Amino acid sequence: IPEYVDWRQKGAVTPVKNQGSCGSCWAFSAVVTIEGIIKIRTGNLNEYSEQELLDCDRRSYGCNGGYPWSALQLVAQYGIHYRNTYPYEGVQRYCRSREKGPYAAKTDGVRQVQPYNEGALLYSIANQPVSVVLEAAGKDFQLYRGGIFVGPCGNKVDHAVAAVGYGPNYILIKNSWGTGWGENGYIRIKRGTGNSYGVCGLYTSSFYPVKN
């Protein structure tokens, strides 16, 4: 695999979003991976609906949190609508998929990266954007403005994001806190430290969609 990956340069990443106060990071994280795999497989970059996952993933808990895996399983077992058809409201409502016509995209499965394994995560990122989790509660992460982030941070993961690239010393993360946070919405998190958890627990739980 190459020394640098940046899915933005391949036209596989949509603009940075802001989840607001709702605990919907799990849905935002999943959607980034769907937008990516559909571009990689079909050549078209579209925005898909975080709100639909928020409303319809019965294994998750709406704005009280949820699971990227379950959201990705939903897209594989049913599908997902375009964001324009099912726009983001920042609050959980009833599932409205059947009212909104046929699904726009559908995947074929979900896979988990072997946890606590930097190289396995880099391999997956080289193939497509990946849903990852980290500890975002610390003030250092909250206040991040730029550079390769080394912490301080623990490994008590609490926030799902998406890995969209890497380089020799970092993994490139698309966050869902708007374009005014970090590097225009992104953070580069240090890698190669030899801590199996990853910086901020980044290697704890990583999933990606499969599409034939």
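Throughout, we count residues from 1 along the sequence that is shown.
Stretch comparison (128-136 versus 73-81) by mean CA B-factor in the PDB entry places 73-81 on top. On average the C-alpha atoms of 95-103 have higher B-factors than those of the other stretch, with 95-103 and 138-146 being the two compared. The PDB entry gives the largest Cα B-factor of the residues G154, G165, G182, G178 to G154.
Placement of the Cα temperature factor of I187 within the chain: lowest third of the modelled residues, per the deposited record. In this PDB entry, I37 carries a Cα temperature factor that places it within the middle third of its chain's modelled residues. When the modelled residues of the chain are ordered by their C-alpha B factor, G11 lands in the highest third.
Looking at the C-alpha B-factors along this chain, the one for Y88 belongs to the middle third. Annotation for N44: C-alpha temperature factor in the highest third relative to the rest of the modelled chain, per the entry.
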